[PDB]
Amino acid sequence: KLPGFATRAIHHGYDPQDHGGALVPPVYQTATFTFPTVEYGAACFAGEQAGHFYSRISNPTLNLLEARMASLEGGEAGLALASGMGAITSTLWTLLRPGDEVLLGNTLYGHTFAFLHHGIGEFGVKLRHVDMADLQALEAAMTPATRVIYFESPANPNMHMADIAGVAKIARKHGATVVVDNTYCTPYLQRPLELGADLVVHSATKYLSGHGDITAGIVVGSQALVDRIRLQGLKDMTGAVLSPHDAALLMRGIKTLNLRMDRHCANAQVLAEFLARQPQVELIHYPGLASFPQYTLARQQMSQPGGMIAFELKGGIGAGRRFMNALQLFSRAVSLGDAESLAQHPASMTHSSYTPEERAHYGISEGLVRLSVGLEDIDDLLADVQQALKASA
């Protein structure tokens, strides 16, 4: 009656028999759709059928992707966009208007922060940052203006978690809509809608695709809210249309999601256990260490601690630089959730422009490096981090 996650990630919403027996669904790389009669055309520009009209909407390969993602997240409806920024700008452009306020997690993915403060925030929308695990600080931050609560969990830099059920309880008192960016965990590890959130966004560019070869975004949620985001945010405000080709490749990626995430976590579990014992290392942030400040809440929301690790080297910027340069298997790159392991050191990379004090107000430590642990053999990954730690001294 109710098939497993792995079954649904492979099968949900598709029966080969409905499409000439094709085991893999054919790709609708088409811009436009045609009508058998003008009477048939007339029905599409109001709505009654659930058919197809124009690939900026109603494409069957996008439709399948959306249904499958909605199934996995446990939500009513899905929407596929050209990037994770597309998913979030479409969502927020449709939910907010001048004078509305959005409450934010204290830290956010860089471009998201840029969107809020330098984009929509410059159009009369109000922004407040608050710690989304501190339920009393949140209740006290609610105002009649508050219309959206938006955060990632876990969040860069320190993998800080939100209490999603608690946020939802507070939001429901004020009618506010809770949006969670679930990029890090994926629906395999965490399902925020089952915990009370109204909408989830994904940069499918990362773990969902898993292979570093597409940019894509996903939104899942209630049908009324998803419809408006499709018909307003996507169609009119953004034009962040997902290629059917990239959509097909994303679905191909999703068929191994459970497998890849088990391995991302198992690899990160050993590296974290290793890193936590090293002398070059003052601090580690990894949800599956007993020492993780929100260890308990982590275990309540996530079925596994994930593939990302953040840590701080004794020795600041110079140690970070030395560590990064010596790496031979990990690549120096931004991004995460690929088969290949990646590392970044923000103080010398993404945030090298500013100086020691400005990086502090953002919680970006001078020695902070972040690993996206991939799928390579751990012995190889271990050796690589080891010699790099040796080089950092």
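Rigid core (definition): largest C-alpha set, two forms, superposition within 1.5 Å. Throughout, we count residues from 1 along the sequence that is shown.
J.: Name the stretch that deviates more in 4 other deposited structures of this protein: 342-350, or 64-72? Use RMS CA distance to the shown form, core superposed.
T.: The answer is 342-350, which departs more from the shown form in 4 other deposited structures of this protein.
J.: Please pick 323-331 or 43-51, whichever has its Cα atoms farther from the shown form in 4 other deposited structures of this protein after a rigid core fit.
T.: Of the two stretches, the larger average C-alpha offset in 4 other deposited structures of this protein falls on 43-51.
J.: I need to verify one thing: averaged over C-alpha atoms only, is the B-factor higher for 206-214 or for 115-123?
T.: Per the deposited B-factors, the answer is 115-123.
J.: Comparing 95-103 with 251-259, which has the greater mean CA B-factor as deposited?
T.: The deposited B-factors put 95-103 ahead on the C-alpha mean.
J.: According to the deposited entry, which of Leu329, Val27, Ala333, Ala360 has the largest Cα B-factor?
T.: That would be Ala360.
J.: In terms of CA temperature factor as recorded, identify the highest of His264, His245, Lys173, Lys235.
T.: Out of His264, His245, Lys173, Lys235, the record gives the largest C-alpha B-factor to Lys173.
J.: Using the B-factor values recorded in the entry, state whether the Cα atom of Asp338 falls in the lowest, middle or highest third among the modelled residues of its chain.
T.: As the PDB entry reports it, the C-alpha B-factor of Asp338 lands in the middle third of its chain.
J.: Looking at the temperature factor on the CA atom of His11, which third of the chain's modelled residues does it land in?
T.: Bottom third by C-alpha B-factor.
J.: What third of the chain does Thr61 rank in for C-alpha temperature factor, lowest, middle or highest?
T.: Its C-alpha B-factor belongs to the middle third of this chain's values.
J.: Please rank the C-alpha B-factors of the chain's modelled residues and tell me whether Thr186 sits in the lowest, middle or highest third.
T.: Answer is lowest: the recorded C-alpha B-factor places it there.
J.: Relative to the other modelled residues in the chain, which third contains the C-alpha temperature factor of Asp380: lowest, middle or highest?
T.: Lowest third.
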